[PDB]
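Q: Before I ask anything, let me first share the structure, which is written out below as structure tokens.
Residue numbers (the entry's author numbering), protein chains in the order written: chain A, 219 to 323; chain A', 639 to 743. A prime marks a further copy of an entry chain.
See below:
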């Protein structure tokens with residue numbers, strides 16, 4: 219809150235409590251204005267044509283979406299070594315998504 | 639620190655000396671003052687169990703390059719390492735050190 223006050227601190231550690239592995243991660247994001255704030259529709263008719271198999275019809279929303287469903291977003295290769303070397307399985311348990319420190323330019 | 643390696647202790651674990659008592663065979667009917675050198679041959683058997691609780695110092699290095707570890711090579715071979723031969727003789731192929739992890743000075 220306020221211009222001269224950071225809205226959240228950079229957490230990137232990877233705790234190993236034992237039977238729980240909290241893997242925080244943080245990266246800096248830059249988001250342009252896609253499609254000039256419009257909802258242009260997309261089809262192979264606009265993309266120059268395609269085969270019968272590749273035909274599609276969809277909309278090009280101007281929103282950007284944060285995607286983090288890849289294992290190396292969270293696990294530093296050393297953590298991945300500590301998790302494959304001695305462990306018989308794992309599964310995500312919770313999530314926590316802090317989006318902080320916006321600056322619009 | 640004993641130069642062959644290990645721990646130097648002013649009071650190490652004691653020796654456990656075991657002897658099966660002499661039982662003289664058949665001393666003469668007439669008295670004789672000697673040491674009675676005729677004993678009956680015998681031996682012993684049993685089990686011995688040594689439970690020795692160690693204390694560990696877990697590692698918490700923030701190294702990112704994967705650590706170097708000790709592994710047994712995945713390659714077809716006549717015998718499994720550290721496993722008995724066709725005759726039953728337990729064979730240890732190589733000496734195993736205890737310095738594999740890395741800790742900065």
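Cβ atoms here follow ideal geometry from the backbone N, Cα and C, with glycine treated the same way.
Express the C-alpha separation of residue 292 of chain A and residue 275 of chain A in angstroms, rounding to a whole number.
A: Between residue 275 of chain A and residue 292 of chain A, the C-alpha separation is close to 34 Å.
Q: Using 8 Å as the Cβ pair cut-off and three pairs as the minimum, do the stretch 697-708 of chain A' and the stretch 293-304 of chain A touch?
A: Touching, yes, given that three or more Cβ pairs across the two stretches are closer than 8 Å.
Q: Check the Cβ of residue 707 of chain A' against every Cβ in chain A and list those closer than 8 Å, keeping chain order.
A: Chain A residues near residue 707 of chain A': 303.
Q: What does residue 334 of chain A reach in chain A' if we use C-beta pairs closer than 8 Å?
A: Within the shown structure, residues of chain A are numbered from 219 to 323, placing residue 334 of chain A beyond reach of any answer.
Q: Taking a Cβ distance cut-off of 9 Å, strictly less, list which residues of the stretch 683-713 of chain A' are near chain A, in chain order.
A: Going along the stretch 683-713 of chain A' in chain order, one finds 698, 699, 700, 701, 702, 703, 704, 705 and 707 with a Cβ nearer than 9 Å to chain A.
Q: Could you tell me whether the stretch 241-259 of chain A touches the stretch 648-664 of chain A', where touching means 3 or more Cβ pairs closer than 8 Å?
A: Output reads no: the stretch 648-664 of chain A' does not touch the stretch 241-259 of chain A.
Q: If the criterion is Cβ atoms closer than 8 Å, does the pair residue 713 of chain A' and residue 722 of chain A' meet it?
A: Result no, Cβ atoms of residue 713 of chain A' and residue 722 of chain A' do not sit closer than 8 Å.
Q: Counting only Cβ pairs nearer than 9 Å, list the residues of chain A' close to residue 295 of chain A.
A: Ordered by position in chain A', the residues that pass the 9 Å Cβ test against residue 295 of chain A are 702, 703 and 704.
Q: In chain A', what lies closer than 8 Å to residue 299 of chain A by C-beta?
A: Neighbours of residue 299 of chain A on chain A', chain order: 704 and 705.
Q: Report, in whole angstroms, the separation of the C-beta atoms of residue 314 of chain A and residue 224 of chain A, which I expect to be a contact under 8 Å.
A: Their Cβ separation, rounded to whole angstroms, is 18 Å, which puts residue 314 of chain A and residue 224 of chain A out of contact at 8 Å.
Q: Cβ atoms of residue 736 of chain A' and residue 701 of chain A': under 8 Å apart, would you say?
A: Result no, Cβ atoms of residue 701 of chain A' and residue 736 of chain A' do not sit closer than 8 Å.
Q: By Cβ distance, which residues of its chain are closer than 7 Å to residue 231 of chain A, with the 5 residues on each side in sequence left out?
A: So the list reads 242, once near-sequence residues are dropped.
Q: With distances taken Cα to Cα, identify the nearest neighbour of residue 264 of chain A among A:251, A:252 and A:278.
A: Looking at the Cα atoms, A:278 is the closest of the given residues.
Q: In the structure shown, what three-state DSSP assignment does residue 274 of chain A receive?
A: Coil at residue 274 of chain A, not helix or strand.
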